[PDB]
């Protein structure tokens, strides 16, 4: 990572989502709720959040499988909307089921290398960060929203350090949301700016937070 090649991580985990309910009659219903594709540039912190509205599933079967294909279609659509100089050189899919759908959808983009990964990058943790969760839940149509997942960090730290910090945050939220949120609020006065994702912390506070997040992930 981090060279002069544009790299995107693509996480399709959260595209097809449902609420499972046991009815008074004893049967399970699985009603879809809105999902999202996360498309993430680890060098710049750019996130393209493509919100997937439940209308896309209307009249369809095997929604989990179809979701992989929907994701590939949407990644291709995003690429086509961008100038060539902004298109990724590499796409790293977080789940192996995306490899074949994305290959088939990107045949017109011979410069783009697609590969899988064993990295633990749980963008699903973002669903419990209110500023994404409510946005996704309340959407009434598909849309794409841009974010900067590194806030103002790159003013003083490298892309490598920023990526590592983000991964620790996401993995810790994933493992234990409530404890991660406490670690990320070290003082009564700790705030997150309205346009930021993460809290405003001193350098010293971040050092302590990063060790605590890592320990939380290790405890599993």
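Residue numbers count along the first chain shown, from 1.
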Higher-scoring stretch by recorded Cα B factor average, 43-51 or 169-177: 169-177
Mean Cα B-factor comparison, 72-80 or 134-142, giving the higher one as deposited: 134-142
Whose C-alpha has the highest temperature factor in the PDB entry: 38, 163, 153, 57? 57
Which third, lowest, middle or highest, does the C-alpha temperature factor of residue 122 belong to within its own chain? lowest
So where's residue 110 on the chain's Cα temperature factor ranking, which third? highest
Thinking about Cα B factors across the chain, which third does residue 219 belong to? highest
Here the Cα B-factor of residue 205, set against its chain, lands in the third termed highest
Chain third (lowest, middle, highest) by recorded CA B-factor, residue given as residue 14: lowest
